[PDB]
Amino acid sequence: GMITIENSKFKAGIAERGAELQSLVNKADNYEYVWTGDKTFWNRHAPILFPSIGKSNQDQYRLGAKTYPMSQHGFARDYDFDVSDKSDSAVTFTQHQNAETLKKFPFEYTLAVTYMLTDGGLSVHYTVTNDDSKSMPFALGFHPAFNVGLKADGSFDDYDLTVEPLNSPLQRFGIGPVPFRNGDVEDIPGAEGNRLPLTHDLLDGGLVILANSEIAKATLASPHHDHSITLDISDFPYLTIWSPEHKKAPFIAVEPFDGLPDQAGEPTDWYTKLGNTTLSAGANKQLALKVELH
């Protein structure tokens, strides 16, 4: 079950399963911006990450003194969303808890995602609502993989991420053991002011989680390639770059994060887990982004 939206410039395909964007096409030349899910490198396209990003310590966590199991990448991506408010250029997907999610995460919730194509590209609005009486801690991320050109030898063809604004040098969360965090924030191999060259040398050591929350726009581009994209992500405190390690995948993921993978060690209380947001009963958090399609 899939839904398409479109306007004069663009078409998008979104799976009801995980409200997962799977395709985003420039109609003028039929260019595909989003990874096609070739299992040679990675069999997904752009999952939603909720209520956890990344891996959990010993695949579990705490709520105060109680322990629960948690799957890597959360579980929203594993269940269908209902479709509503469908027009030619926009659509809304909504997921609630189920008996399975309640075993991992004992909260009633609503996760709503609205996609809309505009002249600029694709707008995405998220609303996370705590439908429980208990205080609900969560993380929310989006994990799109974008097609990129490669050199004769399979290296990335001179792609950089350019960011703005930047009020201090670019920093990343330290990783160890991949893909968990080690707890530090550190300098990034090869960063030059607001420009980060995206190389296998950089990415082979695992995901690069930018710590600079002031960033409003992040552009993935190469001077040798016509198409680029820019992520408008002021609402998302962190931004992660990833490509399959020690492989020559023809994609780079640029992933808005409202949360962080666990710091290595013992299972973490989600009420104090770095990057988590705790919602009061009945409260909601809203986050927006845009993928500008150039």
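Throughout, we count residues from 1 along the sequence that is shown.
- Between 189-197 and 171-179, it is 189-197 that carries the larger average Cα temperature factor according to the deposited entry.
- Stretches compared: 139-147, 205-213. Higher mean C-alpha B-factor in the entry: 205-213.
- Each of 33, 50, 41, 257 has a CA temperature factor in the record; the biggest one is found at 41.
- Sort the modelled residues of the chain by CA B factor and residue 106 lands in the lowest third.
- Placement of the Cα temperature factor of residue 113 within the chain: lowest third of the modelled residues, per the deposited record.
- For residue 152, the recorded CA B-factor ranks within the highest third of the chain. Only modelled residues enter the ranking.
- When the CA B factors of the chain's modelled residues are split into thirds, the value for residue 46 lands in the lowest one.
- Ranked by Cα temperature factor within the chain, residue 262 sits in the lowest third according to the deposited record.
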